[PDB]
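Enquirer:
Protein chains in written order, with the entry's author numbering: chain 3, 54 to 169; chain C, 183 to 364; chain D, 217 to 324; chain 1, 12 to 118; chain 4, 26 to 113; chain A, 240 to 318; chain 6, 13 to 114; chain 2, 30 to 112; chain 5, 11 to 137.
(1) Below 7 Å on C-beta distance, what does residue 73 (chain 4) contact in chain 5?
(2) Under 7 Å between C-beta atoms, does residue 118 (chain 1) make it to chain C?
(3) Would the beta-carbon of residue 57 (chain 1) fall within 7 Å of that of residue 81 (chain 2)?
(4) Determine the chain 4 residues that contact residue 63 (chain 3) at a beta-carbon separation under 8 Å, and present them in chain order.
(5) Can you tell me which of 84 (chain 1), 32 (chain 1), 17 (chain 1), 72 (chain 1) puts its alpha carbon nearest to the alpha carbon of residue 131 (chain 1)?
(6) I need the boundaries of the alpha helix (DSSP H) containing residue 27 (chain 6), first residue and last residue.
(7) Leaving aside the five residues before and after residue 246 (chain D) along the sequence, list all residues of the same chain whose C-beta is less than 8 Å from its C-beta, in chain order.
(8) Using only the alpha-carbon positions, how far apart do residue 3 (chain 6) and residue 69 (chain 4) sit?
(9) Which residues in the same chain have their Cβ closer than 8 Å to the Cβ of residue 148 (chain 3), if we skip the five residues on either side of it in sequence?
(10) In chain 3, which residues lie with their C-beta within 8 Å of the C-beta of residue 72 (chain 2)?
(11) Name the chain C residues that come within less than 7 Å of residue 253 (chain A), Cβ to Cβ?
(12) By the criterion of Cβ-Cβ separation under 8 Å, what are the contact partners of residue 60 (chain 1) in chain 2?
(13) Residues of chain 3 with CB under 7 Å from residue 66 (chain 2), in chain order?
(14) Let me see if you follow: with CB-CB separation under 7 Å, is residue 95 (chain 4) close to chain 6 or not?
(15) Do residue 5 (chain 5) and residue 79 (chain 5) have their C-beta atoms within less than 7 Å of each other?
(16) Determine which residues share a DSSP beta bridge with residue 292 (chain D) and list them.
(17) Report yes if the CB atom of residue 169 (chain C) is closer than 7 Å to the CB atom of residue 238 (chain C), and no otherwise.
(18) Determine which residues share a DSSP beta bridge with residue 70 (chain 4) and list them.
(19) What is the rounded straight-line gap between the Cα of residue 57 (chain 4) and the Cα of residue 62 (chain 1)?
(20) I'd like to check one pair, residue 316 (chain C) with residue 324 (chain C): are the Cβ atoms closer than 7 Å?
(21) Would a check of beta-carbon distances place residue 74 (chain 1) closer than 7 Å to chain 2?
(22) Output needed for residue 228 (chain C): all residues of its chain with C-beta closer than 6 Å, excluding positions within five of it in sequence on either side, in chain order.
(23) Rounding to the nearest angstrom, what Cα-Cα distance links residue 258 (chain A) and residue 273 (chain C) in this structure?
(24) At the 7 Å Cβ level, is residue 256 (chain C) part of the contact set with chain 5, yes or no?
(25) To the nearest angstrom, how far is the alpha carbon of residue 264 (chain C) from that of residue 246 (chain C)?
(26) Would residue 340 (chain C) be called buried (16 or more neighbouring beta carbons within 10 Å of its own) or exposed?
(27) At what residues does the alpha helix (DSSP H) containing residue 133 (chain C) begin and finish?
(28) If we count Cβ pairs, one from each stretch, closer than 8 Å, do we get three or more for the stretch 299-310 of chain C versus the stretch 278-294 of chain A?
(29) For a contact defined as C-beta to C-beta under 7 Å, what are the partners of residue 245 (chain A) on chain C?
(30) When DSSP labels each residue in this structure, what does residue 39 (chain 2) get in the three-state scheme?
(31) Beta-carbon separation of residue 77 (chain 5) and residue 116 (chain 3) under 7 Å?
(32) List, in order along the chain, the chain 3 residues whose C-beta lies closer than 7 Å to that of residue 73 (chain 5)?
(33) From the DSSP output, in three-state form, read off residue 148 (chain 3) for me.
(34) List the endpoints of the continuous beta strand (DSSP E) containing residue 291 (chain C).
(35) Taking only the alpha-carbon atoms, compute the straight-line gap between residue 310 (chain D) and residue 92 (chain 6) and give it to the nearest angstrom.
(36) If we count Cβ pairs, one from each stretch, closer than 8 Å, do we get three or more for the stretch 104-115 of chain 5 versus the stretch 35-51 of chain 6?
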């Protein structure tokens with residue numbers, strides 16, 4: 054009866070959630086390890102010529118001093134800047150803890166939805 | 183109606199005339215108009231009517247303002263091109279309609295679309311254009327006014343397109359005005 | 217014409233070879249071929265997604281080395297022209313391998 | 012036959028559906044421009060400031076903010092008046108064609 | 026529940042593509058060791074930054090990426106094999 | 240057939256010039272003075288021209304003597 | 013119909029890749045065609061991932077040429093599958109029709 | 030069907046989009062409420078990036094809801110206009 | 011006659027809707043290039059070297075001065091390099107934008123012209 058159609062609809066509307074969530078996960082990873090690996094040591098050590106994004110297609114050479122200043126945005130209106138040690142502390146939860154719930158609400162949710 | 187001929191005075195089939203379908207009035211006084219008559223499209227007169235300006239002209243030219251001449255091209259891409267295109271269309275249409283003055287008509291007959299930049303020039307020149315006529319109407323008015331049907335202008339001159347004064351009235355039999363080439 | 221018919225020793229056959237000094241060759245060593253001279257073929261011409269834009273390049277850059285080893289083996293065999301079997305029961309032949317085997321003056 | 016003339020009148024209707032879209036796109040973008048102008052006039056009260064295209068932020072002084080809040084908004088302004096002087100032409104093209112097709116072609 | 030395919034197919038394909046990426050990273054390491062092996066200038070990227078300074082310093086992240094890929098991917102290959110064996 | 244109007248080949252109206260739109264025909268008529276000089280040098284004093292040429296265009300060659308005759312059709316042309 | 017559907021799927025998965033490679037190729041053609049003549053303003057290197065190495069034009073030309081040959085071969089493969097599908101469309105589709113008829 | 034369907038859909042969406050905008054402007058308040066948007070900060074409003082102490086953020090972030098709330102309530106009541 | 015044509019008109023409608031999704035793709039592809047043109051003016055304004063706040067992936071911002079306009083870079087193909095020189099960074103990426111916009115015309119003109127027959131099929135379907 055309707056079981057097949059509703060099962061397929063639930064699978065589709067939860068696979069879209071899967072795609073979206075593992076869509077934002079990679080760049081927040083990048084935000085963590087890019088900084089924590091390169092900048093936290095080398096920029097805190099000495100100023101170097103660098104590459105920064107001018108746009109998502111225009112890429113421009115740059116140089117950075119030990120600025121050690123970083124800025125986070127969650128929207129088009131609200132901004133906060135941070136140091137180079139607490140910023141990764143606040144960012145690391147937003148993926149390390151977020152994956153456990155969101156992906157369990159994905160893997161375990163799929164396990165249930167195969168019967169739900 | 184014998185000027186059309188094959189070596190001698192010979193009228194062709196009823197298609198060379200045209201019936202009328204007025205439901206109003208009375209059948210007791212019904213008659214037939216002297217000359218050609220336009221119907222089932224005209225319901226209100228032109229903005230200049232009851233004037234008498236000689237040498238009726240008739241065209242079948244695609245005189246509409248558009249990207250091309252006889253066809254419509256793709257949407258404009260160079261946004262600056264519109265300023266140039268408006269002026270070029272204005273000059274081109276005015277140059278075409280200049281030779282309409284050679285006849286000085288009261289009514290211009292256009293099977294294709296008459297254009298507002300042409301109609302503005304005509305009203306500045308005290309001329310009017312009737313639009314949306316049928317294919318047989320081209321020959322009908324051409325014979326009635328003493329002309330040959332010409333697709334595009336500047337191939338026209340007096341006594342070869344049109345004869346005498348253009349004396350036309352628009353009036354209603356019933357609730358709708360009809361164009362009467364009287 | 218009819219009169220220009222002639223008896224010919226050896227073999228004559230329609231054109232295949234181009235841009236390989238096709239004018240003439242003396243003592244042309246002719247080698248029969250009944251084996252593949254192209255990349256391996258399967259359900260697709262590759263074993264990965266045909267949209268893996270970065271990946272077909274990085275795998276066929278060594279597949280080109282493979283076919284280059286094949287044509288170099290043909291060279292050290294001593295061939296001057298090649299004799300390739302009927303095609304339908306075999307994979308096609310890479311024309312770039314033909315281009316390489318042209319430059320040391322070998323036809324197919 | 013009247014088939015090609017009917018094709019022309021439906022093409023005129025398609026041009027109407029072009030007209031409404033081409034005016035509404037610019038009036039929404041102009042509303043966004045006015046909102047941005049109000050915001051930029053509000054925020055000039057403070058000095059140490061950055062602007063860019065969103066994907067970057069360039070430092071400047073206050074007079075640069077005054078210059079930029081005008082030099083691009085005035086281009087959008089000249090462009091809106093260009094689009095009225097275009098929209099009037101094309102809306103004439105559609106409306107007068109309707110006036111001379113609908114009560115005419117049904118004959 | 027025969028959920029193995031839905032839980033092993035994507036893992037197999039992603040492990041394959043990660044192995045291909047690691048092999049290509051090894052190829053890039055070899056290339057920078059012979060092609061444009063010039064000491065004086067070499068643009069090398071850490072996340073979103075070039076520094077055209079590292080020649081021998083490139084390995085400082087070459088080895089990092091090598092192990093962070095290989096250990097995680099063969100651990101997750103053992104994980105997908107575990108998903109396979111728990112059902113069969 | 241030189242013409243004021245786009246009924247035959249050679250005449251165009253796409254040009255963006257209020258003058259050239261009209262005087263293309265006049266320039267062609269002045270150039271055809273060379274053609275009528277050529278026909279006179281060959282031996283001809285009258286040139287026949289297919290349909291679509293203007294009578295006022297015929298006047299240009301009537302004035303110069305090498306007059307032009309209108310209304311010859313495709314069968315006349317082939318004959 | 014089994015064979016017709018299989019050939020349709022083969023057509024689809026070959027043509028998707030062919031179309032995507034065409035979409036990228038329409039850009040790379042021009043980019044490389046002015047790149048081969050604008051030297052000094054741009055110079056050929058390889059951005060093989062997160063690293064840069066000096067690169068020469070000829071191997072890039074060989075790469076794009078063998079892209080072209082590969083994709084043309086795939087086009088003939090796809091079109092051969094198209095004739096296969098249209099050939100099956102008669103008899104592999106009459107398979108069910110003849111059993112329902114008699 | 031259509032003459033009513035598209036009209037209702039358009040009139041609903043014209044403010045459903047603004048309802049989604051209010052949803053965004055309400056989920057963005059978490060930074061001010063708990064993430065402590067109170068220091069001297071380089072705040073941006075789109076296209077511009079201001080280094081200011083955040084005093085205006087409360088009136089600005091209330092002025093949007095005080096309008097969009099009545100907009101969406103008007104939409105909700107308009108949905109009941111004709112059935 | 012009519013019933014089979016009406017039945018196949020559903021498949022005709024679905025292919026037209028696929029091509030309409032294609033032209034919606036056409037409206038959504040201009041973006042990258044249009045903000046590229048909008049970001050043109052940053053290049054010449056900052057050719058002395060100037061402080062920039064730029065995104066790192068999407069969601070991060072870090073201060074940094076841009077320099078070395080003579081090797082401004084664009085990605086292309088399988089991993090090839092486009093090192094934009096200084097004079098190019100001032101003026102010549104305008105023509106580079108012209109060519110990217112030329113591909114954008116391969117998108118809009120050269121595909122809307124062939125979708126003219128799509129709209130013609132819509133008009134013909136009334137019969």
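The C-beta atom is built at its ideal place from N, Cα and C for all residues, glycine as well.
Expert: If we stick to the structure as given:
(1) Result: 66, 67.
(2) Answer yes: the Cβ-Cβ gap between residue 118 (chain 1) and chain C drops below 7 Å somewhere.
(3) Yes. Within cutoff.
(4) Identification of chain 4 residues near residue 63 (chain 3) by a Cβ-Cβ cut-off of 8 Å yields none; the smallest Cβ-Cβ distance measures about 14 Å.
(5) Because chain 1 here runs from 12 to 118, residue 131 (chain 1) falls outside it and cannot be looked at.
(6) Here the alpha helix (DSSP H) through residue 27 (chain 6) covers 14-47.
(7) So the list reads 295, 296, 297, 298, 299, once near-sequence residues are dropped.
(8) In this structure chain 6 extends from 13 to 114, so residue 3 (chain 6) is not present and cannot be described.
(9) Excluding the 5 residues flanking it on each side, residue 148 (chain 3) has same chain C-beta neighbours closer than 8 Å at 78, 81, 82, 85, in chain order.
(10) Neighbours of residue 72 (chain 2) on chain 3, chain order: 130, 131, 132.
(11) Simply 251.
(12) What residue 60 (chain 1) touches in chain 2: 77, 78, 79, 80.
(13) For residue 66 (chain 2), the chain 3 residues whose C-beta falls within less than 7 Å of its own C-beta are 131, 133, listed in chain order.
(14) Under the Cβ criterion of 7 Å, residue 95 (chain 4) is not counted among the residues facing chain 6.
(15) Because chain 5 here runs from 11 to 137, residue 5 (chain 5) falls outside it and cannot be looked at.
(16) Answer is none; residue 292 (chain D) lacks a bridge partner.
(17) Residue 169 (chain C) cannot be examined here, being either before or after the span of chain C that is shown, 183 to 364.
(18) Partner(s): 75 (chain 4).
(19) Rounded to whole angstroms, residue 57 (chain 4) to residue 62 (chain 1) spans 39 Å at the Cα level.
(20) Taking C-beta atoms as the reference points, residue 324 (chain C) and residue 316 (chain C) fail to come closer than 7 Å.
(21) It does not; no Cβ of chain 2 falls within 7 Å.
(22) Hits under 6 Å: 310.
(23) In this structure, the straight-line span from the alpha carbon of residue 258 (chain A) to that of residue 273 (chain C) is close to 9 Å.
(24) Yes, its Cβ sits closer than 7 Å to a Cβ of chain 5.
(25) Between residue 264 (chain C) and residue 246 (chain C), the C-alpha separation is close to 16 Å.
(26) In summary, residue 340 (chain C) is exposed, with fewer than 16 beta-carbon neighbours lying within 10 Å of its beta-carbon over all protein chains present.
(27) Because chain C in this structure spans residues 183 to 364, residue 133 (chain C) falls outside the shown range and cannot be described.
(28) No, they do not touch.
(29) Those within 7 Å of residue 245 (chain A) in chain C are 334.
(30) Looking at residue 39 (chain 2) - three-state DSSP - the assignment turns out to be helix.
(31) With contacts defined as CB atoms closer than 7 Å, residue 77 (chain 5) and residue 116 (chain 3) qualify as a contacting pair.
(32) Those are 120, 122, listed as they occur along chain 3.
(33) Of the three classes helix, strand and coil, the one that applies to residue 148 (chain 3) here is helix, per DSSP.
(34) That run of the beta strand (DSSP E) goes 289-292.
(35) One C-alpha to the other measures close to 18 Å.
(36) Because the criterion of three Cβ pairs below 8 Å is met, the stretch 104-115 of chain 5 and the stretch 35-51 of chain 6 touch.
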